[PDB]
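This document starts with one chain, in the form deposited in one PDB entry, laid out as structure tokens.
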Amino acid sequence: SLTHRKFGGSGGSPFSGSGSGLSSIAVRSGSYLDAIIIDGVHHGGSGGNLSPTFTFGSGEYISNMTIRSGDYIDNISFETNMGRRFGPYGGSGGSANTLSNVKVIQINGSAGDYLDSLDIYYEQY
């Protein structure tokens, strides 16, 4: 069943993922998530360090995700259905929330200098 969940604060300007799906993800992070790079498109600032890009294989998707957040996105980590891991990247602030047994289909959000928020569209199993 398809649903969505917002994480983080109220600031920044809105962005969207590609629209249908999600082919690759990288982040910039320090103490917080500075940026999320979705399908090669940058959303957020130029601070922090750039992660390697995670590129989803055929039949591969985000299945479990842990996000630390307060007013911003502090940390992102995920696992896929193929057992691959991304992160954790970011700091230790905020509070943790986990999507468990999902299939993420799109990531939208809001950003300025940092990644303020994410709105994750996923199938909840």
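In this text, rigid core is short for the largest set of C-alphas that superpose within 1.5 Å between two forms. Residue numbers run from 1 along the displayed sequence. Residues that one form lacks are left out of the comparison.
What comes next is about the form deposited in another entry, which is not displayed.
- Core-superposed comparison between this form and the one not shown: the C-alpha position of residue 112 differs by less than 2 Å.
- In this overlay on the rigid core, residue 10 has a C-alpha that sits 2 Å or more away from its partner position between this form and the one not shown.
- Between the C-alpha atoms of residue 7 and residue 40, a gap widened by no less than 3 Å is obtained in the other form, as opposed to the form on display.
- Three angstroms is the minimum change: in the other form, the CA atoms of residue 6 and residue 90 sit farther apart than in this structure, by 3 Å or more.
- Shifted stretches between this form and the one not shown, defined as 3+ consecutive common residues each with a CA displacement of 2 angstroms or more after rigid core fitting, are limited to 1-15.
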